[PDB]
Every structure is written in structure tokens, then in C-alpha cells.
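Below is one structure; the comments refer to it alone.
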Amino acid sequence: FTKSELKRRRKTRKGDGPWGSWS
Amino acid sequence: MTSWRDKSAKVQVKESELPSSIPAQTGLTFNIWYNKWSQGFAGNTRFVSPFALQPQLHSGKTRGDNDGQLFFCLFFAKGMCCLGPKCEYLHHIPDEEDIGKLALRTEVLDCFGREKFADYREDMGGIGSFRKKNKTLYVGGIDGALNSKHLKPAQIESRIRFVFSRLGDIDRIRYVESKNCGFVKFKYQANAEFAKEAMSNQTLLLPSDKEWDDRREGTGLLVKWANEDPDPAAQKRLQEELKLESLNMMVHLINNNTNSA
Amino acid sequence: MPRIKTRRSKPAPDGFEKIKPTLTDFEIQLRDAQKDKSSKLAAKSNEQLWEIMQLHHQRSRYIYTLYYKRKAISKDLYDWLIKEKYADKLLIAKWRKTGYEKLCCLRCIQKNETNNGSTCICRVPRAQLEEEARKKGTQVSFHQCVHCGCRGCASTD
Amino acid sequence: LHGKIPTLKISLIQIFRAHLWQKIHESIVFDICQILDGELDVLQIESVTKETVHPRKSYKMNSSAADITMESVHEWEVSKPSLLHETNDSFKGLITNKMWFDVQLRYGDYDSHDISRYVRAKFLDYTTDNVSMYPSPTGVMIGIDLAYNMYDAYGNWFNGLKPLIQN
Amino acid sequence: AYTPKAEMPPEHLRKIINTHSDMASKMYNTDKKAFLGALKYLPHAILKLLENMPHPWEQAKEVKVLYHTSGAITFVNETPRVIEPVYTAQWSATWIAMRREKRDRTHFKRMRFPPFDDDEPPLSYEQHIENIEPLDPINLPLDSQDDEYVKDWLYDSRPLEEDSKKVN
Amino acid sequence: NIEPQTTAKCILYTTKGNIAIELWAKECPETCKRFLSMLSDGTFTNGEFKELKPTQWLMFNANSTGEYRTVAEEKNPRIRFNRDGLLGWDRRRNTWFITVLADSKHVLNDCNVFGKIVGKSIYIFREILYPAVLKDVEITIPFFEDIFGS
Amino acid sequence: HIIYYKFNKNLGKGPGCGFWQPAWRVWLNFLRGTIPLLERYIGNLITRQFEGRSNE
Amino acid sequence: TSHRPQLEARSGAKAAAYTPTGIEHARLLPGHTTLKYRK
Amino acid sequence: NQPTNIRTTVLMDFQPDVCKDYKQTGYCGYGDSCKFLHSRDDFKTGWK
Amino acid sequence: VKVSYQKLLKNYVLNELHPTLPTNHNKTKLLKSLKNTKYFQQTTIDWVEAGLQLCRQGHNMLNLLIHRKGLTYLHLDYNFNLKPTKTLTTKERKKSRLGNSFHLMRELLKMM
RNA sequence: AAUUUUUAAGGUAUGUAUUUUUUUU
RNA sequence: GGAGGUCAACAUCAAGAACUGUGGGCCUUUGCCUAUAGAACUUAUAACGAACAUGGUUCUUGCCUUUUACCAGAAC
Ligand SMILES: [Mg+2]
Ligand SMILES: [Zn+2]
Ligand SMILES: [Zn+2]
Ligand SMILES: [Zn+2]
Ligand SMILES: [Zn+2]
Ligand SMILES: [Zn+2]
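Encoded structure:
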């Protein structure tokens, strides 16, 4: 995996960190 | 599919709505430990369930599916489940695809993941025995229908055939006029158990016929496990259906031996 | 030391007024987190606690960012915010460490308490769990840390 | 009872049996009711009507409630609260319509106190308390020591009342 | 291994304990057995609670507790320590405050016992007691100058906590 | 039993009699500044006593102080209905709630409890047992004199 | 007695007091030794309450 | 007629536990914990 | 001189000492020795 | 008072004369072993709050034991007075006989 | 030349049945 | 690397005035003699604690209808 992939990927979770819901 | 598959089941009831604990004033003082009304005499605790489900409407996909937990939500079966799409158990009526996965463990414990007990119970209560596989259900307390009486068993039979129909398979249904008891046998074990919890303490007729609005009040109807059918008619048939199944179960058992070699 | 304004306590340093309303908006929420709704379900009862653990997490990041990111508050005031317990020192000390930046709680890294192994799955990257799930293609099963309600402390997610 | 002491408990349960405490209370209330009912003309009383008493009021020692209530043909010039036997009375302080009487029994001891101090202490206690329900802020509290055959009353008196309740 | 124990938010405990106030649900069946099982240790919790009492020059002490996550019991986990001479000075100093205030005011009222009626359930901290600012403790005037050495740190809860030289 | 303390006193002169009032300012200051202000603003004067609800309460002075708007709700558990004649505040705009003898606990947490009646003049209120009207309002002990007439 | 007549010397009979250190210690020590009583008693009472008394 | 008293084994085969139910008697609290050997 | 500041809760004594054999029957085995009351009350015109 | 000085001396002497000499290996303490598990968790809090908390705890404990035993006619008030509410038949009487563990415990909470 | 305060138990039995929706000939 | 922690584990803390290790010598390593190295904490109007509780067993007592709860001295 790659840093760019992760950084882009996370914002997907609804509410920042870490209580933000995946899906 | 068109009913169950796509939808995530709507919450049957709001958290606020669900009945409170502490059944009201059966006794002089509440007992914190055993939650009961201690000192005084009870006058039949039993009441008609204020809740029931809509087999097609409430059923849907949930978080149990993604987990793929085998066991079914019983508070769904009572139509009382407040979690809905956040519930961790399956919401729907059992099918043969889900039964097949349960089919390993359905002997020791029911569809809801409640362990069976060896001896049954005096009055044939909640869960059965893991000694006998009983597909036969007994209905009683037809007064749950209330005073309104029906002209013949046709009204009764058809109504019972209608209501239990949605809850799964049916091998046969027999109402008895002399004794107000209707014996229902689903094809499958797992289905018989799901109907017991769903249909207990319930009322009858149509949604809006006669005394339906005051229907909530009554005694409520029993749904209990049933004794062996004593007549030699079915007693031959139960034994004949036994043997023919036994012969089927010799072949598979010599086949995995035929596999074994 | 005490949260209360007991006469022993020292009056706040200079820059405290600017952040005072921002902290109180956490405070009046906490007062409402503990009021004891009556909830029957055992799945709900812990979901109430998950509000406190979050409001406690969220109040410390606020104090953490000001000083250790934006450098927007004096070191006197910060040292005074730790006495008064507006911020959890031992939590923040993990935030300064490498790997732990987004951590829930000090309970989630407890090696001891958990039965086998350690460290809530709450500390395991989503990127991974998807993959061990991928072997089964089951889209995992994990949602919330039983201590917290966390989903992915691990600082990549 | 301040100890255990069973023999004393048994004698004292003989002396009061078949609800004698309640019957003494109802008995004093009734005779006071007749005596007030005979003075309707002289004292300017509209009506003397004894109330419906909770069955346990007689022996409930924390709170009380009026027994007999009064009402005036016109109006009444009442005094400060004072003892039954005191003399100087200035009737110009207060003015009311309803009066009430409490009959409070008590069974005293060697350490007990004289009845007057008990009657006044309970009077101030109850009338300033929020538990007791009295019709109007003027009344007479009639105490009796059952054991010592002693009585007093600490009320708000109007002209014509003391020379009765004494007699 | 062995990471030390994780301090928590008091809010967590509070919510636990006032949640378990009302229990009639079936979910409490294993939290009631914990209440009974905890009754064995209660006389120790009374100990630790009652040996950590404030002392008069304190308005409030904040003490560590150790609680059962089911809210079955709450132990005070500190032990008090005092410098012997400093402690004697504090008690002696209040002593003089007591005599001066006894000779001072004419009527000295004394608290009614018990303070609260039998039927009133014990009032919660976070509602009743928490909001109010505390009343002043006994202290003593202590002199402007003579006592300049001790007067700063005398009445502190733990008189000297941070001094590298004065205390461990 | 345990009431924080009475910090405000406003005497009501009515037809049926003179009703004294003691108030808790500190525990619910918002309700105070609606109550006392309308006595300084006079919008309560000549109020008919309106709706008795047997065993519940009696009501009067319906009009609303600010912008016909609500009041920030506040409560204290020390202040409960154990008594008759606790001044109270309904959810509806600027409405007094005067607790009758039956002093129920269920209307609690439907209202913001406010003040008492002095133990002497409670009897005059019990005369309700031709509605009363409010002639004149005197304030004996003010508490917060800032923002009041200012 | 000892604390009073050293305390109340030259002033009064009144209730003013509040030197509670000796009594507090006395009670703390009484506690120190009744912990094993109540643990054994209450232990027995509850282990009998859940598990029933011995048959033998 | 006491006849046959009571056998221990039936009381020794009961399913309480190895110990009793776990009641803690006052005379089984540890005492004289050390032995004494002869020369 | 009972102390000035104390509230002592009344604890009701609900046990009557009525002798249950002499209350029902009207004969008590123990006699004049009986530790209890012997007082003999009866109900309230129940029968028709 | 002179009697008081004598009494205090008597106690002093009887301590000085017979000592106790503690238990090495006692080093295992209740709380130190108690905090090891998952179940106990640690925090700070005000003293008075811990007092109030322990009062609530105790009251719930004793009510659950009483009601467990099946006695709902005995009422614990919040000052830990155990009161009968009703007249009891002998069987009620024998079951509600109640030991020194319960009562001693209750009295101890009452002091607190 | 100085004592010392109280709660339980051996007394009012004990035992049985009693509020239930009609288990297939 | 230092300063710390109302953190943890393990070892030790009432004995010829009282500890270990080592080299050599007799015994043939226990033990005895001799030379030597290192001894933190606790002790002499005796002790880990400038403090002070409870229980058990057995004696001698005190209250005395019997058990619990108790009186008060001793030994362990
Ligand atoms: Mg005998
Ligand atoms: Zn569900
Ligand atoms: Zn966490
Ligand atoms: Zn976690
Ligand atoms: Zn986390
Ligand atoms: Zn008799």
C-alpha cells in the first residue's frame, strides 16, 4: 500500500478520527 | 427477495416505546432481586401481547447478515425488536438456505441459540427437548381470539392456516371442534420454534373486524409443543414416515462408507 | 489539583479566557451524558458510556492541539490545565509518542487486561482487517471497541 | 417504650386494649364538640363541625390535623397565643373567622416534662411546620397526660373561651 | 509487559453508578451477584474511606478510587501521609482557632443528628453538591510576619509536594 | 425539607388577601427575571385566576415577557413538590404554576419550579378551597437590582 | 473528658469543641480488627446463600 | 436401637466439594503453622 | 436531660402480645403463668 | 477526669506489655491484588462524592440480600434502620430472624 | 484509693390443597 | 543518560550480639582451626510501627436459667 492511497482513503470514514464510522 | 433481500428491516419499535419492566401491581411490594410483586395473590399474570410482526414488511437485511450470524432475532419474532438495521441477529422468516447452515446444531439448541433441555417441561413450555425432534405445535386458549366466536372450524382453520402460513412451511394443520386445539406441523424443526415465540399471547380475526380495537385486553392464546399423535392412524404414519426416512439415512451412511473404503 | 475552585486553587493564567467557552461546550455536554436515561438493552447501556469516553477524548485533543500543534497557549496555562484536570496527562503523553497519535484511551493499549495477546482490534489498521477478511471475503466483522466505540485508533486511518 | 422489658409491655397492652387510645381521643373530641355546640348563642359561633379524622391520627406523634373547626357569626378579636391559665389578654392583635382545636394525648414518664411545655412546644412546632394541615392560623391545642391525669391548652384565645375550656 | 493502570474520567464511574440505581431488567442478573459478592469487602472500603477524611483546614480532598466496572463497590486507594511536626502544627493551630471562636461568639448552634430524614434518598454529588462553591475552612490568622516561613504552605492538603529539597 | 435558601421576596396584594412570596434566585435565575420583571412591567396586574385543575394546580397571568418566547429550562433536585403552594413555571409562555394540596410528583419535570409562599399567608391561598384579581405588587427584598429597571 | 478540661479551661461549659483526632483514631483501630470478623461472617453468610449449607 | 450408625463414605462422596461448601470456620484459621522436630 | 439536638425515628412495635390460644379458644394451657396478654377479642357480626 | 487518666493509662500499659509482631509475607494486600484484574478500574474523585457513592452501594447491597432472602416486609430506610412494616406470622418471624453479620454490617454503614 | 449501662433464641405450631383454557383416536 | 511515580514483580527483615564470600590447614565435603574481602535495612529504659486493633485453643476468674453476645488476668 502507499501513503497517498491511505490519506485519500481515510477521509471516507464519516467523522474525522477515530470514532468516525467506516461505511 | 423482493420482500426481504434488499431492505434493511425497519425498526419495529422505538426504544422509548418498548414496554417497561416491573409488571404493574400484581402484589404489595416489588422484589428487587427476583423482579416480581411479592406479597399478595396474583390473578393470572397473562395478557395479550400488545405487539406482533408483519412477516413481509418488517423483514430485511441487517448487520447479522454481513457477520452472517446464524441465529435469528427473537425480538423480531415478537415484532418488538428496537435495534433493526443495527441488530446483530437475522431478521426474516427461516428459509432452507439458512436452515442448512444451522442444520448442524439445531439438535442441541433452537434457532435462536437457546440450549434445549433433556426432559421438556410439565406443560410443554418454551423450548423442547434435544432428545426428540418435535415438528408438531399445539395451539390453545382460543379465547385469545376473544369472545367473538366463529361459525364453524372453517373460519378458525382458514385463519390459523393464514396466520401461521407466513411463518414458514406447513406439513398439515388440524383444528378440533370438540377440543379447541389445533395441531400444526411445519416441515422443519427450526420453523416450528420460530412460530412459537411469534404467535404466543396473540389475538385473531382481521385487522378491522368486530371487537378488534378492544382486542388487546384478553387472556391470550397458548402456543405449546405437542404430544405424540395417539391415534393409530397417524401413529402408523409417524412410524411409517419414520422408517422411510431411516432407509434414506442408511444409504448416505453407507455412501460416506462407500466413500471411505 | 482539584477541579473545584477550592480556595487552595490558583487563579487561571492569562490566555484562559479565549478558550473558556470552547471548553464549556464540552462540559455542558458531559453533564447531559451522565444524567441517567433509563435504557433496557445491554447493547444500549454501554453505548451511553461511549459518549463519555469520546467527550473525554475530544476535550484533550483540543488542549493537545493548541499547545503541541498550533502553539497557541503558554506553558504556564497548559501546566495549569493539567492540574485542574481539563486534560488527561497520561493520555496526551501517548499522543506525543510515535505510532500512538490518534489513540482512543489508555485502556485500548493495555497488554495485561485482555485475555489472550493484547491491544484491541481497535488498534489494528482497517487496511489489514480487510485483507484477513479478504481471505474469507466476508467484509470483516468489526464495528466498535467494547471499551470505547472506537473504529481504528491506529494512526494510518 | 425505651427498653425491651416485656412485663411492662404486657401490662401496658392490657391498660390500652380494644383501641382505648383512639376511643379516648374520639371521646374528648365529642364532648368538646357538644360543649362548643351549646355556646352557639353566647360565643357567636356559626357552626361547630368536627372533621373526618384519619383513623391513625390519635397516636401519630409527628404531625397533626385539626379536629373541631369553628366559624364566627361575624368576626373575632383573638389574642396572642398563651397558656390556658394565664390572665392578661389583649384581644386586639389578630382577627379571624375559623378556629380549630387539636386534642393531643400523651403518656408521660418520670423525665417527661410538665404538660404545658409539651403543649406549647408542639403548638409552635406543628403550626410552623408544613406537614400539618390546619384550616386557619388560630386555634387551641388541648393536651392531656393520660398517665398523670394532667391537662393544658395553648391556643389563641378570644373573649369567652378561657372561662369555658377551664370549666 | 506491565503497563500501569489507566486513570479514567470520573464521568464514567458516575454514569455506571447512577445507571445501576434502578435495575429491574434481566441484564442485571450478573451485576446483582456482584453486589452480594462485594458485600464481603465493604467493611474495608469503609476503612479506607474513613481514614482519608479531610481534616478541618481542608475544604476538599480529591482521592484516588478503585471501582468495579459494574459499580459494585468503590475503594479509596490512597493512604494519608503527613510530616509529623507539620501535622502537629496544623492541629495545634486549629486548636487555638477553636478556643478563639468558642470565646468569640455567644450562641454556638450544633448540628441536628441525623442530618437527613430517613426517607430522603441520599442526594447525588453531581447535581446538589458539585455546583455550589465551598464555604471557608477553619484556618487561623497566623500572623503577618513571624510565620513567613510556614504560612505559605502550611494549610495545603499535602503541605509540600513539589519541593526538590524539602521533600522526597 | 432542605431548600437552598430564599433570596427574593415579592408581596402580592390581591382581592382575596395579601399573598407573600419568597423566591430562590440563585437556583433558577432565568425564571426570576421573567417573574419579577413582569411585576415591574405590570403586565401581571389585574390578572384573573384562570384554570384550576383539581388536585393539580391553578393558573393565571398568561402573557409572555420576552418576544412571546420561552425560558431557558433549569432545575434543582433539592426543589421538588413536597408541598402545596410552590410557585412554578409551565412550558407555555410565562404561566405561573401554583401547587394545590395534592402536590403531585408527576407534573414535576413538566415545569420549572420557582418560589414559595410565606408560611403565614398560605392560609389566604387555601381560601380557594368569582376568581381573585391582582391589585398591586410590592417588592420587599430585591436580589438582583442590576438589569432590573436597568 | 481529657480533651475538654484542657480545652475548656478558663472559658465556659458550652458545646464549642472540634478536636477530633483522638476519637477518630480510636474508631479507626476498632475497624482495623473487625475486618476479618466481618469478612469471615459475611463470607459464610453469602457462600451459604448461593451455595446452600453443608449436608454432613 | 442405634444399630448401624452412619458411614463416612456417603458423606465423603457428596458433590459439595473436596472441602465443604467453602464455609470458613473459626477453628480452621491457620494456627501453629510450624512443626517441631526432635533431635 | 435528653440531648438538645437529636431526631430519633419512631420504630413501630407491630407485634401484639396477644396469646393466640386464649384469643381463639378462651382456654390457655399455661394458665396464670402465661407470658402474654390473654385479652380475648372477637370479630364483627359476620354471620347472618 | 482523674478516672479517665487512669483508664487511658491502663489501656496503654496493656498494649506495651503484650506485642504482636507482624507477619512477614503479608506483603500481598487486598487492593494491590484487586487492581490487577480487568474488572476494577482506577480514577480520582472528590471525597464527599466517594462517601455518597459508598452509601448508595451499601444500601443496594443490603436491599438485594434482604429481598433475595424473600423478606419484603422488612424495610431499610436510607439511614440504615431496619424496620418491620407489618405484623408477622411465626414463619415470617423465624425467617426474618437475622444474624449479627447483617446487623453489625448495617450499623457500621450507619456510622459512615 | 471509685462501679457501669445490651441485644437475639428456648411460646404461641406444623402440614396439605387452593388463581390454570379443554394435546389429535 | 538524569530526576522522579500514593506503579509492579521478586528477594529479605527478632538471631550463640545474632551476617555472608573467599584462601589455606585437620578431617576425607558436613564439621573444626587459621588468614582475608564485603556487611543495605531493624535493635539496648531492646526493635520492622516514637502507632496499636481482633480472633482461636487451654487455664484462673466475674455476671449466673442455657447458647450467642460478654467480665479480666495468664500461657501458647
Ligand atoms: Mg434446649
Ligand atoms: Zn433484532
Ligand atoms: Zn479506546
Ligand atoms: Zn479499543
Ligand atoms: Zn480506539
Ligand atoms: Zn396465655
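Chains as they are written, first to last, in PDB author numbering: chain A, 51 to 73; chain B, 1 to 261; chain C, 1 to 157; chain D, 1634 to 1800; chain E, 127 to 294; chain F, 4 to 132, 150 to 170; chain G, 685 to 740; chain H, 3 to 41; chain I, 126 to 173; chain J, 518 to 629. Note that beta-carbon positions come from the ideal geometry of N, C-alpha and C, so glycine has one too.
Buried versus exposed call for residue i [16 or more other C-beta atoms within 10 Å across all chains shown]
| i | result |
| --- | --- |
| F:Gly-169 | exposed |
| E:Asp-269 | exposed |
| D:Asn-1789 | buried |
| J:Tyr-529 | exposed |
| I:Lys-173 | exposed |
| D:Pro-1639 | exposed |
| E:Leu-249 | exposed |
| F:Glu-77 | exposed |
| C:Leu-103 | buried |
| J:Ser-618 | buried |
| B:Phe-194 | buried |
Contact with chain B by residue i, beta-carbon distance below 7 Å
| i | result |
| --- | --- |
| J:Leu-581 | yes |
| E:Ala-150 | yes |
| J:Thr-545 | no |
Neighbouring residues, chain E, relative to residue i (Cβ below 7 Å)
| i | result |
| --- | --- |
| G:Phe-714 | Within chain E, no residue comes near G:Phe-714; the closest Cβ sits about 10 Å away, beyond 7 Å. |
Chain D contact for residue i (CB, 7 Å cutoff)
| i | result |
| --- | --- |
| F:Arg-86 | yes |
| I:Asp-142 | yes |
Helix, strand or coil at residue i according to DSSP, with G and I counted as helix
| i | result |
| --- | --- |
| E:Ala-223 | helix |
| B:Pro-232 | helix |
| D:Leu-1645 | helix |
| F:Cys-35 | helix |
| D:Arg-1739 | strand |
| B:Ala-77 | helix |
| E:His-254 | helix |
| G:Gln-705 | helix |
| D:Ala-1698 | strand |
| B:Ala-261 | coil |
| E:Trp-183 | coil |
Closer than 9 Å at the beta carbon, the chain I residues around residue i
| i | result |
| --- | --- |
| J:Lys-603 | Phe-139 |
Beta strand (DSSP E) segment containing residue i, residue limits
| i | result |
| --- | --- |
| F:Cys-114 | 114-119 |
| D:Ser-1705 | Where D:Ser-1705 is concerned, there is no enclosing beta strand (DSSP E), given that its DSSP letter is neither H nor E. |
| E:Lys-159 | Element bounds for E:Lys-159: not the beta strand (DSSP E) but the alpha helix (DSSP H), 155-164. |
| D:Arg-1750 | Element bounds for D:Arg-1750: not the beta strand (DSSP E) but the alpha helix (DSSP H), 1748-1761. |
| F:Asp-156 | 154-161 |
| B:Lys-185 | 182-185 |
| F:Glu-54 | 52-56 |
Closer than 7 Å to chain C by CB, residue i
| i | result |
| --- | --- |
| J:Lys-555 | yes |
Contact set between residue i and chain B, taken where Cβ atoms lie within less than 7 Å
| i | result |
| --- | --- |
| C:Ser-60 | Those within 7 Å of C:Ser-60 in chain B number zero; the least Cβ separation is about 29 Å. |
Minimum Cβ-Cβ distance from residue i to chain E less than 7 Å
| i | result |
| --- | --- |
| B:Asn-35 | yes |
Cβ of residue i within 7 Å of any chain I Cβ
| i | result |
| --- | --- |
| J:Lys-600 | yes |
| E:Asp-244 | yes |
Where residue i meets chain G, residues with beta-carbon distance less than 8 Å
| i | result |
| --- | --- |
| H:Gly-33 | Simply none; closest approach about 14 Å. |
Any C-beta of chain J under 7 Å from that of residue i
| i | result |
| --- | --- |
| E:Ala-171 | yes |
| I:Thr-134 | yes |
Chain A contact for residue i (CB, 7 Å cutoff)
| i | result |
| --- | --- |
| C:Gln-54 | yes |
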